[PDB]
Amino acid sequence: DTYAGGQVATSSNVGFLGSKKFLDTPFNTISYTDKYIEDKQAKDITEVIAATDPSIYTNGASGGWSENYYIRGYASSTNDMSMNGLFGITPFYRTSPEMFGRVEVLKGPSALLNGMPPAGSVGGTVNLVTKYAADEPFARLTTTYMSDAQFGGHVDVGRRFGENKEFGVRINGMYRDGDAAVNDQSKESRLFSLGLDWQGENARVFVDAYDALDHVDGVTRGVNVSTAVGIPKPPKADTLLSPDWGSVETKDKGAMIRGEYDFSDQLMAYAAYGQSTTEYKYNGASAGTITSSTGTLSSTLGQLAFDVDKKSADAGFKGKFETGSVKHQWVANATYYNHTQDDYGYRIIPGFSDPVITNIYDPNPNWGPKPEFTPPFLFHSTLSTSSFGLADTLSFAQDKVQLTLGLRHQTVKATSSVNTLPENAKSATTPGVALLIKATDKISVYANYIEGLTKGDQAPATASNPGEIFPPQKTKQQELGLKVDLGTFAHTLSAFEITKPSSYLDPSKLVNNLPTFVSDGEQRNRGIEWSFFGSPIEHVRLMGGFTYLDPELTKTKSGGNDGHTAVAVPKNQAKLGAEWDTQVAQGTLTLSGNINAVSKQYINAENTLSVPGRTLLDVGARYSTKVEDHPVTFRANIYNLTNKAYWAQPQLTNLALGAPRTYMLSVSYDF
């Protein structure tokens, strides 16, 4: 199932259409292997999916309170990742990748395929495929270092049981802690995971469970800027511009079960259920504001905690039949997601309401005393979603022409203990259509129309349409593409247009002489993408590509920012990762390099503040051998080799510094 090079897989999960090969998939998809994850020494999902993919963008900060990435120029929430196709299971804000065999990306919205995930983001879907036991007993220990002083280890063990190895047990354990590459920042991660499976004659069961901890001392919050003051030059890249005493901690625990039942070679049922809990806590700056061009920083302090309990389910049937010369491959499913949440916080900490005044260039800032962590209860909230979907792929000529049609009906309801307005469920129906034509055994041409959904907002009691809750809001994509598999090297070329609506109270629009809450806002992202992966020549691997994006705010409240460029994202990206192997003694030496080049980004929707493009370099070396026939692999990587200091836009604040030059070492041994 692995492509030449061993770092990319040949198939991925296409939502409820299930597993499909590269040349059969009328969507821009990529699937990274666990070998790739270990080769990058990836510490989070971003470090897997953003490194070579020009359609993914991260601000690249070290030690933030979550991962942050865009796909096709739109936010793709960490909340919205799937685990083996099921949403609401994965860690809330950051995921260390040790428990995954594959990390899959499907670019653009996918409501027909996947329904509406909990945060309603539309950029793309990240699907994490868990590890299960291979046939041969397996035990691998890996030790890790990351500068300045973060040490860790990871154990991965598998074995199968029973007369026909019908049972599997796969366990991963990981711990790392210590000072990171940013001053006064330390990063602690912990994971324990279990992947269990039973393979029956007609039936199969897969069970996954994990317990995770993510903790950052000296967490990065980022800083705000104004047009009056402007953006000063970035301090050196290892500067921490949030309180040294600030910290974030997230505990995630999840479990899921999937069953499959083969009625025949033409019909199968499946059911999946899962639950997870998240406990988040944050004590630190709510925002730092740069109040002078000389680097004065005024930081207000805040505290936040929330606890959320999630449950999710997805069940259905898949079948196939041939009528005349036409093959039908169909799927029908029903999905459910529910969460209950409690929020706690201080906007103003009692006794700590004065801002802390520092300077961003000070080598020795005084962040003052740490406020005790005691945020009071604010409100209880719930979210409930359900869907049911149907799709059919009609094919002829041995699958060389494939037309997919489907619909999904989606419902959503939200509640909050402090909302006084009506709370009602709302629904929408979302279609999709895709066409794929195989020009040759190597070339597929495809097109799709598909939507993304986002929970509707609620009009205030003051509106002409008072208290109206909008139905799920449709993001719309059209895409045309071309895929070429030359054998050991593969290309994808695609062009897309995606429109995403937004809602606001508009006093320019009266009904009954009252302001109307409208869904009249729009962002439109047009893009063209050329990407590639594999081995173009023997002993060489290349992954990367080029994108041009036009992310336009086409319609904004009062028209003030109409035609402006969306914030945060660059219009242009070029990424290339290369590896070259040489046989030396009794093993393989690999040298690697990465270049990541982006153009400028706007910091505000007025487009009066921006930060420039930047190009980052990475280099690495790997040595793979056997010691007494035991596989051993040594890895060394330097990220941000030039130690470029740059501003980029995180969530919730205007700017954060990009990660500094970072050294990583690992050694693995197979018992």
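Residue positions are given as counts along the sequence shown, with the first one as 1.
Trainee: Higher average CA B factor in the deposited record is what I'm after, so tell me if that's 53 to 61 or 629 to 637.
Mentor: Higher of the two, by average CA B-factor, is 629 to 637.
Trainee: So, looking at the entry's B-factor column for Cα atoms, which has the higher mean, 171 to 179 or 324 to 332?
Mentor: On average, C-alpha B-factors are higher across 324 to 332.
Trainee: Going by the entry, which of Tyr74, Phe100, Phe496, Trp580 has the most elevated CA B factor?
Mentor: In the PDB entry, the greatest C-alpha B-factor among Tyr74, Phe100, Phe496, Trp580 is found at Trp580.
Trainee: Specify which of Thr615, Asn607, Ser624, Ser66 carries the largest Cα B factor in the deposited PDB entry.
Mentor: Most elevated C-alpha B-factor of the set, per the entry: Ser624.
Trainee: How does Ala4 rank on Cα B-factor within its chain, lowest, middle or highest third?
Mentor: Top third by C-alpha B-factor.
Trainee: Which third, lowest, middle or highest, does the C-alpha temperature factor of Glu166 belong to within its own chain?
Mentor: Highest third of the chain for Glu166's C-alpha B-factor.
Trainee: Lowest, middle or highest third of the chain for the C-alpha temperature factor of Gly15?
Mentor: Middle third.
Trainee: Pull the Cα B-factor of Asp184 out of the PDB entry and bin it into the chain's lowest, middle or highest third.
Mentor: According to the entry, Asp184 has a C-alpha B-factor in the chain's highest third.
Trainee: Comparing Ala305 with the other modelled residues of its chain, is its CA B-factor in the lowest, middle or highest third?
Mentor: Middle third.
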